[PDB]
Amino acid sequence: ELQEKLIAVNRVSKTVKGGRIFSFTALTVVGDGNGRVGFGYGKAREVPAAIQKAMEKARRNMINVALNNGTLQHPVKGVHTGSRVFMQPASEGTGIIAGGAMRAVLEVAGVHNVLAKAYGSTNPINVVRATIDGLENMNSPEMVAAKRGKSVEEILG
Amino acid sequence: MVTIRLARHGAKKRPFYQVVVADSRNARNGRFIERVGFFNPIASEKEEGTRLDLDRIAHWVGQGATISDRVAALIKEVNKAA
Amino acid sequence: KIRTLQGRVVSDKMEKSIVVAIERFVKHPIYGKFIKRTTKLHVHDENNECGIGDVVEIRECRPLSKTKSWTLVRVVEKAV
Amino acid sequence: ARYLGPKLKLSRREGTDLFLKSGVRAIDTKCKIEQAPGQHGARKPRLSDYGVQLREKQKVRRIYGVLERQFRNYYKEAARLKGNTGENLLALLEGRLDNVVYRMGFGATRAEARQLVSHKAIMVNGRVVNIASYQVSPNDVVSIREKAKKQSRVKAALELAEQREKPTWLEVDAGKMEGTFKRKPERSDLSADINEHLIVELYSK
Amino acid sequence: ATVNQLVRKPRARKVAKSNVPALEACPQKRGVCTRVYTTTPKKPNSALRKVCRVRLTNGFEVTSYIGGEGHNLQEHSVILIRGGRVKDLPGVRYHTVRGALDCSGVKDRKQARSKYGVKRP
Amino acid sequence: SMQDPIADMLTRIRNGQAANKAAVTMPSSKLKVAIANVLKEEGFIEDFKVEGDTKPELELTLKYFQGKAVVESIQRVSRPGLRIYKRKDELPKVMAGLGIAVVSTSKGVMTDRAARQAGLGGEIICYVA
RNA sequence: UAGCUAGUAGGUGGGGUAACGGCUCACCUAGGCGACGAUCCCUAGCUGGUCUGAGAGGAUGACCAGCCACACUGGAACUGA
RNA sequence: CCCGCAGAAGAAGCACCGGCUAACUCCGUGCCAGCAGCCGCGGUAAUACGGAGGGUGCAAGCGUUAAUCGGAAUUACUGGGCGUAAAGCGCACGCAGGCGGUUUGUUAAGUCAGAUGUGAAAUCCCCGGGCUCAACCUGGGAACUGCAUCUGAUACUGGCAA
Ligand SMILES: [Mg+2]
Ligand SMILES: [Mg+2]
Ligand SMILES: [Mg+2]
Ligand SMILES: [Mg+2]
Ligand SMILES: [Mg+2]
Ligand SMILES: [Mg+2]
Ligand SMILES: [Mg+2]
Ligand SMILES: [Mg+2]
Ligand SMILES: [Mg+2]
Ligand SMILES: [Mg+2]
Ligand SMILES: [Mg+2]
Ligand SMILES: [Mg+2]
Ligand SMILES: [Mg+2]
Ligand SMILES: [Mg+2]
Ligand SMILES: [Mg+2]
Ligand SMILES: [Mg+2]
Ligand SMILES: [Mg+2]
Ligand SMILES: [Mg+2]
Ligand SMILES: [Mg+2]
Ligand SMILES: [Mg+2]
Ligand SMILES: [Mg+2]
Ligand SMILES: [Mg+2]
Ligand SMILES: [Mg+2]
Ligand SMILES: [Mg+2]
Ligand SMILES: [Mg+2]
Ligand SMILES: [Mg+2]
Ligand SMILES: [Mg+2]
Ligand SMILES: [Mg+2]
Ligand SMILES: [Mg+2]
Ligand SMILES: [Mg+2]
Ligand SMILES: [Mg+2]
Ligand SMILES: [Mg+2]
Ligand SMILES: [Mg+2]
Ligand SMILES: [Mg+2]
Ligand SMILES: [Mg+2]
Ligand SMILES: [Mg+2]
Ligand SMILES: [Mg+2]
Ligand SMILES: [Mg+2]
Ligand SMILES: [Mg+2]
Ligand SMILES: [Mg+2]
Ligand SMILES: [Mg+2]
Ligand SMILES: [Mg+2]
Ligand SMILES: [Mg+2]
Ligand SMILES: [Mg+2]
Ligand SMILES: [Mg+2]
Ligand SMILES: [Mg+2]
Ligand SMILES: [Mg+2]
Ligand SMILES: [Mg+2]
Ligand SMILES: [Mg+2]
Ligand SMILES: [Mg+2]
Ligand SMILES: [Mg+2]
Ligand SMILES: [Mg+2]
Ligand SMILES: [Mg+2]
Ligand SMILES: [Mg+2]
Ligand SMILES: [Mg+2]
Ligand SMILES: [Mg+2]
Ligand SMILES: [Mg+2]
Ligand SMILES: [Mg+2]
Ligand SMILES: [Mg+2]
Ligand SMILES: [Mg+2]
Ligand SMILES: [Mg+2]
Ligand SMILES: [Mg+2]
Ligand SMILES: [Mg+2]
Ligand SMILES: [Mg+2]
Ligand SMILES: [Mg+2]
């Protein structure tokens with residue numbers, strides 16, 4: 001259950017007595033495609049070395065996402081730093097009409113169709129955490145039924 | 001003088017008349033009181049063709065509305081004829 | 001029954017006529033918040049019956065000047 | 001209106017077999033498939049998210065023989081219809097007359113079916129039809145006219161259709177060149193490879 | 001903010017000006033043309049950019065960049081002017097449409113000939 | 001100074017749940033009891049009282065399921081600066097129908113789900129996620 | 001652009017209007033509009049709609065259809081339903 | 001609209017292809033010629049200039065330009081802010097205005113429910129039908145976030161009370 005993919009690669013500089021040494025930062029999000037997601041940042045001297053370092057972190061740092069059929073349960077915000085991230089469930093129609101970075105996290109998570117938009121900034125790292133904060137926050141009617149101690153049918157129906 | 005006349009709508013070479021109760025002075029396609037069915041001259045032998053609500057015609061013709069040369073005959077077409 | 005309108009008087013120093021404000025509590029189209037909008041009307045009345053600052057019932061009627069189309073119905077709650 | 005260019009070139013760029021150059025023989029092995037789109041087919045593409053979508057859209061266009069203006073109109077109809085937007089895109093394409101004529105077996109290729117439709121050969125419900133984009137209604141009977149019945153191009157082309165998968169949603173007589181379009185095509189019945197999802201995404205932005 | 005402040009003074013929508021005063025939403029305009037002359041760009045460039053003072057028909061007096069290699073413009077010669085800045089020459093905010101009116105097509109251009117107004121080979 | 005009393009109630013609930021606090025004491029009222037009863041009826045709050053004669057102090061008893069609190073979010077909608085009255089068909093549904101909206105309609109105060117079926121709308125007091 | 005306004009704002013009476021009315025007169029009172037924008041200024045036919053938008057909105061009002069306005073530029077009446 | 005005739009015969013496009021944006025090899029006019037929508041290219045080895053040339057892309061059109069919206073949550077009502085990024089009047093008092101604790105009455109202005117009238121036709125939408133399909137035309141419903149009245153819920157807001 002890999003379904004691993006890259007969002008962004010970005011080179012960064014240290015600056016020392018000699019000169020400016022360049023390293024590279026990755027950002028890989030991985031998931032089963034069935035309610036599991038996990039971003040992993042990673043950083044290294046060479047490019048392809050950094051993405052393997054990112055992928056190892058990504059697998060361990062994995063969050064569960066209870067989701068309906070192939071879509072979200074309810075419209076959900078998930079703020080992080082300067083990225084708002086709104087996303088609506090939508091029907092069995094459509095696809096993942098969401099931004100880059102914002103949809104890499106969604107498609108590997110296992111949601112097949114949602115409405116979505118990233119307000120504020122749209123920095124690849126923070127929007128990926130913003131979505132994961134939003135999806136981790138997103139409860140299901142089975143959780144909500146047990147939470148209030150009432151009935152699965154009396155709430156939903 | 002109110003009058004029951006055909007309005008002429010539809011595409012080029014494919015007319016579709018909207019039989020309508022209007023003032024004589026008002027234009028062919030323009031102002032009217034209320035439309036009272038329709039007429040399709042290029043309908044042919046099939047499901048639909050001409051429909052003319054005869055209850056509304058009695059409300060205007062009974063009062064005092066002239067019927068045009070064509071609409072007078074579409075009344076003659078719908079009632080009896082065959 | 002007649003389509004009357006309640007309204008508080010603004011001024012009555014005109015001889016045989018009276019100007020009346022009608023507060024209407026309509027909401028703002030865009031923003032959604034309510035507003036206490038005013039409608040100042042000129043109104044006819046026989047003699048100086050209603051003074052300044054009192055509630056008055058008003059009815060739509062024949063025009064009897066330039067402006068001043070409305071007319072008095074009755075007095076309710078006289079001047080304090 | 002039509003492509004009318006090197007047809008098998010499109011299959012290499014896309015990668016998969018598009019059935020443009022299907023014809024009399026079954027398998028080609030006659031283009032260096034996959035590894036030669038053009039002069040620089042050895043170049044492994046990076047292939048962006050916009051790319052994969054645009055490649056998937058071009059695949060479905062080039063299979064069915066439809067242009068962007070007419071294809072964009074199918075999306076607009078597909079959105080307005082009930083149910084899944086993705087399933088409608090494909091279902092409206094599959095309901096085309098040149099597609100039905102190909103799936104009946106009256107044409108070795110889909111371009112052949114289009115010309116056979118165009119040239120007054122095809123006839124449905126006792127009415128001749130020239131239009132490739134004619135939306136074939138459920139419960140119809142496509143057929144070939146008696147003048148151009150059992151000509152050279154059709155009889156050889158119908159024998160190819162025995163090797164083909166053959167759809168369940170339509171039925172063919174084969175003796176008297178007579179077809180029967182029964183129900184609307186299901187998603188799971190056909191293809192099982194071309195992704196609708198990515199096409200729905202492309203037009204949404 | 002504050003819903004009552006918005007009732008009292010509404011959201012003043014930012015009326016952004018147009019870049020190109022050719023006026024009346026015109027796609028192009030005719031220019032009689034005066035003074036055809038070369039000019040240097042800003043900082044990283046360095047070149048002799050071809051440009052001319054356009055006496056526009058409506059009464060305005062602007063400068064327009066002559067694209068392509070070589071031209072037949074001189075002294076007068078009536079020219080068609082389209083919108084579009086060069087982003088190098090400060091002040092120049094228009095282009096002369098090559099091919100239209102007296103402004104001829106560029107000599108020996110084959111790829112991209114709608115721009116530069118050249119016929120088939 | 002203490003203009004909206006109902007908003008002040010919903011904050012004491014929102015802050016009480018954030019502080020992991022058991023009970024939430026506050027001044028009582030007619031409308032205060034009506035909202036607290038509807039929250040109790042469904043099951044955000046677990047029981048309440050109105051202990052007092054002259055100066056009544058309505059104290060709630062906040063619910064907890066795991067370590068996390070039950071009231072995920074709660075906010076005022078129809079506030080005194082901007083009153084919000086919605087019609088029958090235009091009534092909201094909080095959290096795609098698994099949260100509620102306390103709506104003041106005529107037939108007492110009640111939930112948005114109850115308002116739909118009863119066949120009326122009114123002043124939407126607060127969303128409760 | 002914070003003040004504008006003298007048939008101006010109301011009354012009685014006479015005339016006039018198909019019709020009521022400062023529509024117009026004579027006299028009488030001193031008003032009326034105005035910070036929920038009068039006045040003055042610049043621009044503008046208006047609407048059904050059109051284009052756009054997830055929608056709220058934003059922009060616009062060619063074609064088709066309703067209504068107004070104008071007829072070389074300023075007036076006046078005659079004739080007539 | 002139909003039928004016979006002759007023979008593929010009469011029947012193509014113009015963008016751009018550093019990046020954003022699907023598409024690169026090289027002969028380059030050496031900060032010259034030029035490019036450009038932004039970042040920026042071009043200084044004897046260029047995917048960014050002309051050119052030949054593979055494609056990339058679009059089709060009887062395609063480009064460039066002007067113009068409106070969009071993306072711009074960059075006038076934010078839905079939906080932004082104001083310690084240091086642009087932004088708390090130097091600090092008070094205060095009429096008009098906005099808002100207002102709390103229990104019993106009482107009204108019904110707001111508010112909601114119902115009903116009737118109307119919101120011209122076209123347009124939009126759905127269901128249809130009609131022209132070889134299609135644009136197009138067109139039958140029938142919904143809608144036209146209205147407003148108006150008439151009668152009712154009176155929880156909540158206001159008024160008039162104690
Ligand atoms: Mg930003
Ligand atoms: Mg940004
Ligand atoms: Mg980015
Ligand atoms: Mg950045
Ligand atoms: Mg016939
Ligand atoms: Mg005659
Ligand atoms: Mg009353
Ligand atoms: Mg008047
Ligand atoms: Mg075409
Ligand atoms: Mg879109
Ligand atoms: Mg705000
Ligand atoms: Mg420009
Ligand atoms: Mg170029
Ligand atoms: Mg109390
Ligand atoms: Mg009580
Ligand atoms: Mg006088
Ligand atoms: Mg007369
Ligand atoms: Mg928008
Ligand atoms: Mg306008
Ligand atoms: Mg015209
Ligand atoms: Mg015409
Ligand atoms: Mg017209
Ligand atoms: Mg009029
Ligand atoms: Mg004149
Ligand atoms: Mg005149
Ligand atoms: Mg005059
Ligand atoms: Mg006369
Ligand atoms: Mg031959
Ligand atoms: Mg030959
Ligand atoms: Mg030099
Ligand atoms: Mg542009
Ligand atoms: Mg060499
Ligand atoms: Mg470029
Ligand atoms: Mg080049
Ligand atoms: Mg070529
Ligand atoms: Mg164009
Ligand atoms: Mg905006
Ligand atoms: Mg800001
Ligand atoms: Mg500073
Ligand atoms: Mg500052
Ligand atoms: Mg300052
Ligand atoms: Mg201060
Ligand atoms: Mg005050
Ligand atoms: Mg108040
Ligand atoms: Mg109160
Ligand atoms: Mg008050
Ligand atoms: Mg009411
Ligand atoms: Mg109602
Ligand atoms: Mg109705
Ligand atoms: Mg209508
Ligand atoms: Mg219709
Ligand atoms: Mg159907
Ligand atoms: Mg149809
Ligand atoms: Mg049909
Ligand atoms: Mg038919
Ligand atoms: Mg249409
Ligand atoms: Mg109709
Ligand atoms: Mg209807
Ligand atoms: Mg309904
Ligand atoms: Mg409605
Ligand atoms: Mg509508
Ligand atoms: Mg009653
Ligand atoms: Mg009461
Ligand atoms: Mg009761
Ligand atoms: Mg009360």
# chains A, B, ... in the order shown; residues from 1 in each chain; ligands from 1

$ residues_near_ligand --ligand "ligand 52" --cutoff "10 Å" --atoms "only C-alpha atoms (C1' of nucleotides) and all ligand atoms" --output "VMD selection string"
(chain D and resid 137 to 138) or (chain H and resid 127 to 128)

$ residues_near_ligand --ligand "ligand 10" --cutoff "8 Å" --atoms "only C-alpha atoms (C1' of nucleotides) and all ligand atoms" --output "ChimeraX atom specification"
/D:203-205

$ write_last_selection --atoms "N, CA and C atoms" --output "PDB file, in the first residue's frame"
ATOM      1  N   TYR D 203     -11.243  20.160 -17.568  1.00  0.00           N
ATOM      2  CA  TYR D 203     -12.244  21.160 -17.969  1.00  0.00           C
ATOM      3  C   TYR D 203     -12.810  22.000 -16.820  1.00  0.00           C
ATOM      4  N   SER D 204     -12.715  21.504 -15.586  1.00  0.00           N
ATOM      5  CA  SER D 204     -13.264  22.213 -14.425  1.00  0.00           C
ATOM      6  C   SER D 204     -12.562  23.548 -14.156  1.00  0.00           C
ATOM      7  N   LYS D 205     -11.234  23.568 -14.280  1.00  0.00           N
ATOM      8  CA  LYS D 205     -10.466  24.816 -14.164  1.00  0.00           C
ATOM      9  C   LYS D 205     -10.653  25.710 -15.394  1.00  0.00           C
TER      10      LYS D 205
END

$ interface_residues --of "chain F" --to "chain C" --cutoff "8 Å" --atoms "only C-alpha atoms" --output "PyMOL selection string"
chain F and resi 81-84

$ residues_near_ligand --ligand "ligand 22" --cutoff "9 Å" --atoms "only C-alpha atoms (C1' of nucleotides) and all ligand atoms" --output "PDB file with N, CA, C and O atoms (P, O5', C5', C4', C3', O3' and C1' of nucleotides), in the first residue's frame"
ATOM      1  P     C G  63     -30.251  47.099 -30.347  1.00  0.00           P
ATOM      2  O5'   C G  63     -30.120  45.671 -31.042  1.00  0.00           O
ATOM      3  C5'   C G  63     -29.830  45.539 -32.449  1.00  0.00           C
ATOM      4  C4'   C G  63     -29.883  44.086 -32.867  1.00  0.00           C
ATOM      5  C3'   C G  63     -31.214  43.381 -32.649  1.00  0.00           C
ATOM      6  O3'   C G  63     -32.069  43.584 -33.772  1.00  0.00           O
ATOM      7  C1'   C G  63     -29.422  42.016 -31.865  1.00  0.00           C
ATOM      8  P     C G  64     -33.532  44.210 -33.582  1.00  0.00           P
ATOM      9  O5'   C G  64     -34.316  43.064 -32.799  1.00  0.00           O
ATOM     10  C5'   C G  64     -34.478  41.747 -33.365  1.00  0.00           C
ATOM     11  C4'   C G  64     -35.319  40.864 -32.465  1.00  0.00           C
ATOM     12  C3'   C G  64     -36.414  41.551 -31.657  1.00  0.00           C
ATOM     13  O3'   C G  64     -37.608  41.681 -32.425  1.00  0.00           O
ATOM     14  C1'   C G  64     -35.114  40.218 -30.211  1.00  0.00           C
ATOM     15  P     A G  65     -38.504  43.007 -32.314  1.00  0.00           P
ATOM     16  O5'   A G  65     -39.089  42.919 -30.835  1.00  0.00           O
ATOM     17  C5'   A G  65     -40.099  41.950 -30.502  1.00  0.00           C
ATOM     18  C4'   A G  65     -40.476  42.037 -29.041  1.00  0.00           C
ATOM     19  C3'   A G  65     -40.774  43.425 -28.482  1.00  0.00           C
ATOM     20  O3'   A G  65     -42.051  43.954 -28.831  1.00  0.00           O
ATOM     21  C1'   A G  65     -39.380  42.281 -26.977  1.00  0.00           C
TER      22        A G  65
END

$ closest_residue --among "G:40, G:54, G:66, G:45" --to "chain D" --atoms "only C-alpha atoms (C1' of nucleotides)"
G:54
